[PDB]
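One structure is given below, encoded as structure tokens.
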Amino acid sequence: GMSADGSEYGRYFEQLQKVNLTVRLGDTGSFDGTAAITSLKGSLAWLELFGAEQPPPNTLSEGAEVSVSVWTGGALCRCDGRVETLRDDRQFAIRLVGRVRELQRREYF
């Protein structure tokens, strides 16, 4: 039902799994962190950082383009996204867009 649903995202992402957080910092650089999920509802997840390595103030925003990455048993499933609705410098949503492809695959021979 129309409640910002998902498709196959929860085949790769999970409610307690963790994701990279590549934030384009258009004025600064990038800020590329880690957070665990706490709640996953289709295209939407909610996050809690991983540690005291947190961004500068005023810098995160609710529609920052941010890109996620998680490993699930075969490749790197990464997805571009937006923040959707921030809550704090360490607690925030994300909304997956552009589908999740197997971009990377731990190139170790």
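Observations, loosely collected:
- Restricting attention to segment 14-23, the residues that are closer than 14 Å to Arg78 by Cβ, part of a loop (DSSP other than H, G, I, E, B) and aliphatic (A, V, I, L, M) add up to 0.
- Residues of segment 32-47 that turn out to be more than 14 Å from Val68 (Cβ to Cβ) and surrounded by 14 or more Cβ atoms within 10 Å (Cβ to Cβ), as a count: 2
- If you go through segment 24-74 and keep only what is among the acidic types (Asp, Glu) and either touching a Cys at 6+ places or on another chain (Cβ under 7 Å) or assigned to a strand (DSSP E or B) (or both), you end up with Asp32, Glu65.
- Conditions (1) within 21 Å of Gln104 (Cβ to Cβ); (2) charged (D, E, K, R); (3) touching a residue at least 24 places away in the same chain (Cβ under 8 Å): number failed by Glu62: (1)
- Note on segment 41-81: among residues that are aliphatic (A, V, I, L, M) and within 18 Å of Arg99 (Cβ to Cβ), the one that is nearest to the chain's Cα centre (by Cα) is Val68.
- Subset of segment 1-13 (residues that are surrounded by 14 or more Cβ atoms within 10 Å (Cβ to Cβ) and either assigned to a loop (DSSP other than H, G, I, E, B) or of a type in the set (D, E, K, R) (or both)): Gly6, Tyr12, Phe13
- Evaluation of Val97 against (1) part of a strand (DSSP E or B); (2) farther than 15 Å from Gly10 by Cα (one fails), failing number: (2)
We did not get these values from a lab; they are worked out from the coordinates using the rules stated. All Cβ positions, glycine included, derive from the backbone under ideal geometry; neighbour counts span all protein chains shown.
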